[PDB]
């Protein structure tokens, strides 16, 4: 589709690992969210840990929503929402002057799209989408 910073690519890679490893048939926004925080170094990760959301807090909440665990493996795909989040991320990048989607942009897109599991996770963990957007922007 578009271009991703190495780190964003890692976020999406981690999203897939998280999906696979949590044994979910699809990579959903929650997995992107996990990838964002797991990637660890990108603005998205920094924004998330600044928001008080470590991999574990998120991990736990994500599993509390989607449970586990029937791993299977057959190459999984993005949930429609995740696809949209990734589309949005491209827009977030564009709007921030970038031709490459970076972590901040996947997060911002995930926050803009703001529906689906990742969003509910943020909500469930006391982070409003706007506080989250606010933190990313601050970090930029």
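Residue numbers count along the first chain shown, from 1.
As listed in the deposited structure, the average C-alpha B-factor of 98 to 106 and of 57 to 65 is greater for 57 to 65.
Comparing the deposited coordinates for 44 to 52 and 30 to 38, the stretch with the larger average C-alpha B-factor is 44 to 52. Looking at the C-alpha B-factors along this chain, the one for residue 126 belongs to the lowest third. When the modelled residues of the chain are ordered by their C-alpha B factor, residue 139 lands in the middle third.
Per the PDB record, residue ranking by Cα B-factor puts residue 72 in the highest third of the chain. Residue 15: CA B factor in the middle third of modelled residues in this chain (values from the PDB entry).
Placement of the Cα temperature factor of residue 118 within the chain: lowest third of the modelled residues, per the deposited record.
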